[PDB]
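In what follows, a structure is listed as structure tokens, so that the remarks can point back to it.
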Amino acid sequence: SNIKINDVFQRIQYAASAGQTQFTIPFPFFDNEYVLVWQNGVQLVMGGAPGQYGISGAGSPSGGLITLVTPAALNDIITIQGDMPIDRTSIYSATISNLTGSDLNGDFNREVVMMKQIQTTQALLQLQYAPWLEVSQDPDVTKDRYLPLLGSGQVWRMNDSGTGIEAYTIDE
Amino acid sequence: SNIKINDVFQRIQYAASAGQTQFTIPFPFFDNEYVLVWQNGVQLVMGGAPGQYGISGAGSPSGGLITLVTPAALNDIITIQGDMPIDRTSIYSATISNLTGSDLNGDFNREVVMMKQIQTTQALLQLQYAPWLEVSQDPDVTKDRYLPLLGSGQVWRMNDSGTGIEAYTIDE
Amino acid sequence: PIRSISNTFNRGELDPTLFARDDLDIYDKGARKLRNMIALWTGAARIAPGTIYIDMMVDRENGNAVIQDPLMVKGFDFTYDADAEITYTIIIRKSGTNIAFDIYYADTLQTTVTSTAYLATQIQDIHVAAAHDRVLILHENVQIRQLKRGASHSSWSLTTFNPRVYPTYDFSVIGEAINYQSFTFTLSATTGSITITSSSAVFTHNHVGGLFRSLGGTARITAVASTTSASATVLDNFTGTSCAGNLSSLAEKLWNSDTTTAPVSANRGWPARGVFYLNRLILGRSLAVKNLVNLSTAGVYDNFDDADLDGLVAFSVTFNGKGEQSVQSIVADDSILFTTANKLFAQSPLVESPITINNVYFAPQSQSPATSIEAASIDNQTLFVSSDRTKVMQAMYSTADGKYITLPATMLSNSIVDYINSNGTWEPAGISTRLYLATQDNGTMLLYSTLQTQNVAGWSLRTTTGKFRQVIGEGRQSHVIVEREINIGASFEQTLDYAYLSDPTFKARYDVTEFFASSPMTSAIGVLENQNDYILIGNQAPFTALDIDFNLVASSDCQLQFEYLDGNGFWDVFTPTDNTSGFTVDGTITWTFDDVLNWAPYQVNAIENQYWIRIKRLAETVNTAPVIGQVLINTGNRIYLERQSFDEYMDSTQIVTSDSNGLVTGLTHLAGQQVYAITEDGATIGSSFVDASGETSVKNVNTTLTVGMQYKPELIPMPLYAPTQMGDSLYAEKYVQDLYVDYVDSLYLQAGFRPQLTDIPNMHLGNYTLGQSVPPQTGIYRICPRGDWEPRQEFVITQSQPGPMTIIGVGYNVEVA
Amino acid sequence: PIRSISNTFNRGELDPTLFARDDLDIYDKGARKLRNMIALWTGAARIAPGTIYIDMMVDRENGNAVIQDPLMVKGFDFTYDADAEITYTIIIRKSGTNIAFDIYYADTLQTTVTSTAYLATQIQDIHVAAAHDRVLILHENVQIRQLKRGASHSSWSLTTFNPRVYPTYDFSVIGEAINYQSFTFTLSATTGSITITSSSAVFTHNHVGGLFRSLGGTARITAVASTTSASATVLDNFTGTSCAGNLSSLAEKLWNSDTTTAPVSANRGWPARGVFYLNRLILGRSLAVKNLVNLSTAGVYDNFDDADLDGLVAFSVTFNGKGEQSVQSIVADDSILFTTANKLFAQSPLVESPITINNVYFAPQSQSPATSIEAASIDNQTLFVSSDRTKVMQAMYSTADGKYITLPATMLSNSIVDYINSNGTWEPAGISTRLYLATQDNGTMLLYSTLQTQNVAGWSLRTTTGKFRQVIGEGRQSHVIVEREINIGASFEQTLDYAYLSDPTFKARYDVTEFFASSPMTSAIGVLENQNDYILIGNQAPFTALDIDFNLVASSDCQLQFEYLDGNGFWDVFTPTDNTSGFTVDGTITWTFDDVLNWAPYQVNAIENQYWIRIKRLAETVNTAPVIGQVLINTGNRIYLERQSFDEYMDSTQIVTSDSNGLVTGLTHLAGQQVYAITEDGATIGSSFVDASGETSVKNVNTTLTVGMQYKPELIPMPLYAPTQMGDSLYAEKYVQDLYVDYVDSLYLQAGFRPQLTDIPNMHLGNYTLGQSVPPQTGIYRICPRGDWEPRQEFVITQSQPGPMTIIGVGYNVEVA
């Protein structure tokens with residue numbers, strides 16, 4: 002994989018024009034099966050039937066393309082996200098064998114993309130305290146960070162002692 | 002690049018003494034631009050003017066040092082965090098005939114630092130259920146894990162059916 | 002039916018019109034393409050030798066004015082001490098309206114010798130005659146000069162060559178003088194100092210130093226008082242004082258440039274060809290008599306006294322056949338060979354000819370017109386370019402035929418031959434080849450590897466990032482004169498090599514190179530007529546700015562989008578600073594090498610090895626599409642002197658040292674180019690762009706490196722030939738199951754069926770220590786190319802980055818259907 | 002299926018770029034490697050001839066100062082009585098700042114002749130011209146000398162060669178003298194003793210003995226009073242007393258070194274090349290005119306009188322072509338051949354040419370630059386080294402071409418050719434070979450076996466425990482000059498040939514040879530950085546001490562462990578005397594040969610035939626690792642004269658006798674080396690180390706033995722070639738079921754696929770009587786090599802210990818998949 006991996010989020014979202022069919026994938030990907038597409042919150046499937054989509058650009062640094070079979074209506078929300086599973090993509094012999102820079106590039110590029118997908122979810126889709134806040138720097142102190150399971154009609158509420166977050170029932 | 006990467010959180014916080022200017026960075030970093038500094042929740046700029054800071058020690062396995070231009074007041078909060086981009090812009094040739102220890106160590110080390118920055122955020126700045134709680138082991142069951150967007154004056158609350166978290170309006 | 006076949010490359014690149022000639026024994030010994038490689042006499046193919054940058058050709062007497070006209074430069078070699086390996090590369094270059102000689106030794110300019118005797122416009126017509134210890138400078142209209150080296154490398158003198166006695170010729174014999182056959186000459190006496198009187202005007206001032214022969218006597222004229230009176234000194238006594246004109250012989254000096262001294266003479270000119278042969282100096286092809294050569298007195302190179310007609314005296318040879326026989330080259334092979342405008346003149350080497358006045362038997366051998374490029378001697382044969390310059394001719398003596406036989410040495414490789422403009426020879430040390438080199442008008446260089454007794458004759462084509470203009474060498478070494486482009490920053494001189502307009506699908510190709518190159522008032526063309534149309538531009542060298550003049554600007558902003566094509570064939574967007582504001586006003590579009598970081602030469606629709614950029618209109622509505630008058634780019638032409646070397650794998654190389662940040666300076670002659678860096682251990686560490694100031698950054702810091710440009714070798718074997726019992730399978734469907742690449746001392750190889758090739762590894766995991774450079778590798782690599790079933794399919798052996806390369810053969814396992 | 006194939010070796014070692022050339026008839030007639038063997042003109046391959054120690058080159062006039070510079074020694078042979086087999090080996094060696102001639106006969110120094118006429122720095126530029134009964138010593142700057150033998154072996158005289166009449170030359174013709182073309186010469190009279198006066202300064206003192214020609218007359222100058230006046234004796238009468246300068250000819254002596262006698266003359270030098278051809282002496286390549294040869298008067302070798310221009314008089318030949326044609330060698334083959342810097346000059350042997358002044362027909366034959374190494378004549382051809390010294394050229398006359406044809410004799414074996422620095426010929430008695438030998442700069446020797454009419458031409462490479470510096474011989478015998486190392490005890494001179502740093506697994510290789518070799522202030526390297534790291538050191542010869550200088554000592558004891566590599570490839574621990582105390586202080590590390598008893602040459606990662614030692618750090622913690630500045634070993638260089646012989650199977654041999662304890666003394670020239678002992682019956686009994694005092698112990702007591710060093714023969718046949726019906730199968734998977742080794746008169750053979758070989762027995766159980774030596778054996782041995790399935794797999798025929806060896810062929814049964 003002799004491409005360079007740019008610093009681009011592994012998620013993009015669009016509001017469709019009237020009758021739009023083509024949407025750009027700005028982040029790199031290696032397999033068509035590892036790119037998820039939603040339209041108004043409903044995941045689509047690859048194919049040529051109405052309601053499906055085609056995809057191109059695997060292995061490219063960027064500039065992939067999603068082509069809807071059915072043209073989108075105005076203000077349809079199209080979401081495109083990378084979802085490559087984590088695993089080894091190489092195998093090296095213990096006995097004396099050959100090595101190429103393409104082998105190393107393929108391993109490191111795919112591992113960088115996997116890390117970017119984790120960090121994209123962390124940065125865009127998850128909650129965190131502001132980095133400058135005075136949380137405990139010892140992770141064993143779980144007062145601010147561990148959550149309980151919520152029962153029916155319950156919210157997360159710090160208890161009156163200020164020692165941990167507990168599930169709290171709320172009524173009118 | 003021929004350095005070890007120790008197991009150190011990529012974020013440090015200090016309560017300044019009266020007139021303190023030097024604050025230690027205990028974690029490795031590779032470039033001065035990949036370190037963020039806050040003083041009382043305000044992000045500082047690297048430079049020589051008052052209200053700014055200078056930084057040294059890039060590439061060192063044991064971190065470096067932050068030197069404030071203006072001495073800090075008593076109990077000022079100084080936060081230092083590593084924020085390297087997740088990409089790969091230096092790659093090998095297709096058939097390399099010379100692979101240096103620095104190049105090979107660099108590729109492995111930089112990915113370890115990237116993962117440590119992700120893990121530092123999720124260990125110190127993010128919420129999670131306790132590891133022993135009986136959360137659904139199928140990730141497709143999003144009852145406890147998918148959140149809705151909050152409107153004005155709304156909180157997260159498990160619905161009456163106990164099937165998902167929904168936004169609930171609270172006034173007074 | 003699987004058949005195992007193999008292919009060697011002893012015969013070089015074969016013309017496509019030979020591809021049905023399975024009867025010849027060359028079908029498995031040649032290549033469809035042999036580019037930037039040579040054929041060794043063992044049959045292997047080796048990457049062509051690289052070059053080392055020496056100097057840039059400038060007018061040193063006019064403030065280092067850059068020379069941009071290839072006709073103003075002409076070089077030649079001069080070996081001064083073969084055992085000490087002292088060979089001088091002398092460059093004749095423009096110096097104002099005159100010439101100068103730049104003398105180089107050890108890749109360094111030693112001294113410059115100027116001369117006002119020659120014009121800058123006469124440079125290409127200056128020939129030399131190298132002796133054991135001096136060089137004669139020959140021009141048909143300028144008296145001979147001597148260039149002789151003094152007591153050091155930097156001490157040189159250019160003087161005039163003055164014969165002891167001039168040669169003589171009777172120009173009335175060819176109708177170029179007054180006919181005196183009806184005149185009567187009267188002598189005052191038969192001996193001593195006399196006066197010769199003519200009944201009619203015959204004498205000219207050029208008759209001073211001439212001869213008068215009649216009645217068995219000879220007299221040398223010493224003064225010409227008028228057209229009818231002259232004073233002469235008797236050399237052999239006359240038998241009488243009355244001489245009939247038709248029985249006499251009056252000859253003037255053969256060489257003369259004086260046409261003003263009374264009585265006025267004709268411009269007879271001076272010899273333009275010459276060679277030193279044994280103990281005589283041979284000079285010929287003067288301005289007035291181009292089909293005549295003169296041999297000096299035996300043992301006295303500067304004496305051409307021809308008063309006597311016997312012995313070791315100086316004499317002349319005239320070449321006549323059917324038509325013009327003007328002498329082109331005088332070759333010191335066997336007995337002297339004379340290539341002319343029509344016929345080759347020589348005598349049989351089996352004849353015991355002592356080379357004297359009445360013992361020379363030069364005869365018209367085969368018909369073989371030749372041009373003014375000097376003939377080459379190598380590998381037991383003589384090679385010379387034909388008169389139309391589209392062929393190289395080989396001359397050898399055939400005892401079975403009793404004469405010299407001339408035949409086209411380019412007979413099997415006519416397709417790659419363009420018009421040839423120079424040639425040289427090279428016998429490099431340690432390399433299994435004898436080389437004949439020849440540059441062409443299109444900027445390429447032919448390479449001919451020959452070993453004729455072993456039936457080795459292989460042609461190949463050499464290309465560079467630039468244009469070869471001359472090749473210099475007589476066997477010991479080889480230099481080239483190359484025209485290259487450099488980035489000139491904010492100024493604009495050159496035009497794009499290619500320019501097309503394309504449709505939204507990027508499939509249409511409408512060539513508009515001429516419109517962009519022409520001035521706005523000669524040609525113009527409308528561009529970006531519709532939304533999503535393209536402008537595709539390409540150039541041999543990288544460029545970082547365009548300068549556009551509009552005959553008609555666009556009515557509104559075209560919303561331009563810019564992309565460049567990288568080495569993987571991927572088009573990538575970049576954002577330049579365009580001062581045209583979407584082709585709405587005349588101006589420049591500029592970008593930095595960081596915007597085009599991945600830019601690399603690539604192929605677009607059969608146009609190969611260009612730096613491509615495409616511009617796309619995004620605006621939906623423009624009322625008036627722009628019309629472009631001319632486009633210029635920020636590159637300018639330069640002329641360099643470079644030395645070819647088999648230890649180099651890049652072009653125009655230079656040894657540099659990087660600092661602690663990897664910064665490299667002093668690469669001004671490569672400004673704007675893409676260069677590769679090779680370590681002293683022999684590892685290519687990558688490529689980078691030199692900016693306009695001659696600086697670049699490399700990966701290795703604090704390292705001594707060699708930096709130069711890539712010339713990409715390409716080897717395409719002959720079509721699969723697997724004759725079965727059914728007959729020749731020349732047109733049968735074939736599929737290659739296995740492809741074997743057999744290589745020696747090679748790095749960075751790749752092979753297979755395009756577009757998806759296979760890289761050949763050169764690193765042994767488990768037996769490699771980090772930081773070391775693997776040596777060049779030897780072995781056999783087996784590849785499944787995954788090609789088609791066509792009878793004439795192409796497989797390629799090429800190199801990903803510069804380095805050593807030698808392919809000794811290609812094998813196949815072919816399913817012949 | 003199974004195919005049976007065979008391989009003989011009459012084409013020698015073939016270049017790896019030929020391995021796809023199955024169309025040539027050489028694929029089954031060559032070898033991949035032919036080392037320390039020669040190819041007989043049958044198909045067989047015989048072990049190369051051994052050498053016998055003669056003497057060590059010393060400066061005998063300065064207290065036997067050992068000579069360690071190969072440029073200070075140059076030998077040549079001189080046959081004095083062929084029928085009595087009296088051939089002298091004369092060695093020119095340094096003697097102070099001058100030279101001396103050491104004359105050897107019957108392996109004994111006969112006498113020494115000193116000479117102050119030559120400098121020690123001019124030795125390599127001294128050439129000889131051996132006559133039937135004397136040798137001329139030629140140098141371009143020193144007058145010719147004669148070396149002639151008196152009435153005994155030890156009686157020799159070195160005198161000056163004085164011509165009766167000197168040759169003359171007009172140097173103004175080549176611009177090296179005053180140009181007199183505008184002068185006027187006045188004679189006092191036309192006959193007898195006259196005075197010649199010039200209108201301008203022309204004469205020099207070197208004109209004494211010169212000639213003046215004009216007006217049909219000739220005069221020999223006898224005195225030069227000034228630059229404008231001279232006295233001469235008229236040889237042929239003049240017709241007048243006023244001679245025009247441009248019609249005259251003034252010549253000075255061609256050879257002269259006097260530049261101080263008034264009026265001062267130029268240093269014209271003396272001839273540097275020569276040969277005796279029939280009844281004339283030919284001398285050429287003087288200092289001033291390098292492209293001219295002079296032939297003496299017919300029948301008078303020391304007379305070069307050239308006053309006359311007809312008959313049997315002395316005369317000159319000047320060689321000119323396109324450029325420098327300085328004469329390199331004058332060959333007495335056919336009708337005389339002249340190799341020059343550029344072109345080969347000769348006349349057709351089919352021409353009935355007597356060698357006289359006006360009927361010599363030397364013409365420029367093929368282009369073929371030559372170096373100063375003298376050409377060799379053998380096997381109906383002429384062989385000479387090219388100018389760049391990377392090729393051997395063969396010249397033969399081709400009647401079909403009408404000229405001499407030159408082609409590379411090394412065309413099929415370019416890989417083993419380094420830079421050649423000497424050559425000789427040998428036609429040994431009783432051996433089916435005609436040998437051309439040539440040593441190289443890298444220290445190897447090329448061996449060329451040729452039988453031209455039978456298409457026998459085989460190259461092979463000869464290596465020794467040392468470096469070949471010169472080879473001497475004209476066919477009757479062969480000597481070599483070899484540089485070898487000896488153990489010098491407690492002193493240190495040489496550096497290690499190889500040095501590496503390695504990791505605990507002993508797989509990493511970091512080359513540090515240059516750092517160990519350089520002085521401490523040039524470069525240094527840190528060693529033993531981590532626990533269990535290694536230092537691997539190797540040397541061509543055994544050594545028993547290291548001397549280490551540290552730029553930075555280790556902060557604490559490194560707990561060093563020492564091991565050496567034996568002949569089985571097994572590392573064994575030994576305990577030296579470590580005066581560095583674990584690299585903590587500068588000092589030496591010494592050991593005895595008993596500590597390294599099993600030490601033998603071996604291979605480590607493609608480096609072959611070295612004595613290896615490794616040092617391992619065992620200390621767990623050291624704060625500061627040592628940095629080594631330089632390492633020296635206790636060996637020193639010596640230069641030996643040795644005679645080659647086909648009766649020897651070892652190098653530098655000497656006949657010795659052991660006492661009752663097996664002790665052998667007098668082997669000082671082999672001090673510190675590993676040697677083998679061979680009995681008179683022809684049985685090799687084992688190996689042992691000679692200590693620094695020249696003593697060693699052998700197994701057999703009270704025995705006369707031959708003692709010398711092993712040079713290991715190696716024969717790797719060509720790749721398997723078994724064409725089938727499918728195709729050539731050059732790249733098919735192959736497996737060798739059976740390997741047949743076909744040998745004649747051989748001992749101690751071993752063959753197979755590395756690393757596990759099979760020994761070939763040479764002792765018949767049941768038909769052997771104890772104490773007897775079984776004679777060299779003849780037969781065929783069949784072996785299952787157990788190799789792999791690769792198409793380029795290698796099989797080796799080699800020898801375990803020195804002895805006779807002749808391999809006449811190798812057969813296979815190959816499963817061709």
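Those protein sequences? They're chains BH, BG, O and P, same order as listed. Position one of the first sequence corresponds to residue 2 (the authors' numbering), numbered consecutively onward. Position one of the second sequence corresponds to residue 2 (the authors' numbering), numbered consecutively onward. Position one of the third sequence corresponds to residue 2 (the authors' numbering), numbered consecutively onward. Position one of the fourth sequence corresponds to residue 2 (the authors' numbering), numbered consecutively onward. From the three backbone atoms N, C-alpha and C, an ideal C-beta is built for every residue, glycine too.
Can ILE93 of chain P and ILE124 of chain P be called in contact, C-beta distance under 7 Å? Working through the fourth sequence from its first residue, we reach residue 93 of chain P at position 92. Working through the fourth sequence from its first residue, we reach residue 124 of chain P at position 123. Yes, these two residues count as a Cβ contact at 7 Å.
Thinking just about the alpha-carbon of each residue, which of BH:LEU150, BH:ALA131, BH:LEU125 is nearest to the one in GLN14 of chain BH? Residue numbering aside, residue 14 of chain BH sits at position 13 when the first sequence is read from its first letter. The option with the nearest alpha carbon to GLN14 of chain BH is BH:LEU125.
Distance, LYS468 of chain P Cα to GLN655 of chain P Cα: Looking up residue 655 of chain P in the fourth sequence gives position 654. Looking up residue 468 of chain P in the fourth sequence gives position 467. About 19 Å.
Per-residue contacts from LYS323 of chain P into chain O (C-beta, under 9 Å): Your numbering for residue 323 of chain P matches position 322 in the fourth sequence. Per Cβ cutoff of 9 Å: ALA130, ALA131, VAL276, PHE277, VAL332, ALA333, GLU375, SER378, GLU475.
Rounded C-alpha distance that separates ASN599 of chain P from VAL676 of chain P: One-based indexing of the fourth sequence puts residue 599 of chain P at position 598. One-based indexing of the fourth sequence puts residue 676 of chain P at position 675. Whole-angstrom Cα-Cα distance: 13 Å.
Taking Cβ-Cβ distances shorter than 8 Å, what residues in chain BG pair up with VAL775 of chain O? For the purposes of this step, residue 775 of chain O is identified with residue 774 of the third sequence, where counting begins at 1. Within chain BG, the residues near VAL775 of chain O are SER98, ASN99.
Please list the partners that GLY767 of chain O has in chain BH, where partner means a Cβ-to-Cβ separation under 7 Å. Against the third sequence, residue 767 of chain O aligns to sequence position 766. Chain BH residues near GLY767 of chain O: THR96, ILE97, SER98.
DSSP beta-bridge partners of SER215 of chain O: Reading the third sequence from its first residue, position 214 is the one you call residue 215 of chain O. According to DSSP, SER215 of chain O bridges with O:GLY218.
For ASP134 of chain P, which residues from the same chain have a beta carbon less than 6 Å from its beta carbon, with the 5 sequence-adjacent residues on both sides left out? For the purposes of this step, residue 134 of chain P is taken as residue 133 along the fourth sequence, with counting starting at 1. So the list is empty, once near-sequence residues are dropped.
Excluding the 5 residues flanking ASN238 of chain O on each side, which residues of the same chain have their C-beta closer than 6 Å to its C-beta? Taking the first residue of the third sequence as position 1, residue 238 of chain O is located at position 237. So the list reads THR191, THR192, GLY218, once near-sequence residues are dropped.
For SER582 of chain O and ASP595 of chain O, the rounded distance between their alpha carbons: Within the third sequence, residue 595 of chain O is the residue found at index 594, counting from 1. Within the third sequence, residue 582 of chain O is the residue found at index 581, counting from 1. If I take the Cα positions, the gap works out to 22 Å.
Tell me which residues share the same chain as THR707 of chain O and place their Cβ nearer than 6 Å to its Cβ, disregarding the 5 neighbours each side in the sequence. Residue numbering aside, residue 707 of chain O sits at position 706 when the third sequence is read from its first letter. Result list for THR707 of chain O: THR654, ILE656, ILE679, in chain order.
Counting Cβ pairs closer than 8 Å, one from the stretch 290-307 of chain O and one from the stretch 241-250 of chain O, do we hit at least three? no
Minimum Cβ-Cβ distance from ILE92 of chain BG to chain BH less than 7 Å: Along the second sequence, one-based indexing puts residue 92 of chain BG at 91. For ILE92 of chain BG, the answer is yes, since a Cβ of chain BH falls inside 7 Å of its Cβ.
I need the straight-line Cα distance from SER423 of chain O to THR466 of chain O, nearest angstrom please. Here residue 423 of chain O is taken as the residue at index 422 of the third sequence, counted from 1. Here residue 466 of chain O is taken as the residue at index 465 of the third sequence, counted from 1. Distance between the alpha carbons of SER423 of chain O and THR466 of chain O is about 19 Å.
Does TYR93 of chain BH pass the burial test, meaning 16 or more other C-beta atoms within 10 Å, or should it be called exposed? Taking the first residue of the first sequence as 1, we reach residue 93 of chain BH at position 92. Classification of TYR93 of chain BH: exposed, given that the 10 Å Cβ count is below 16.
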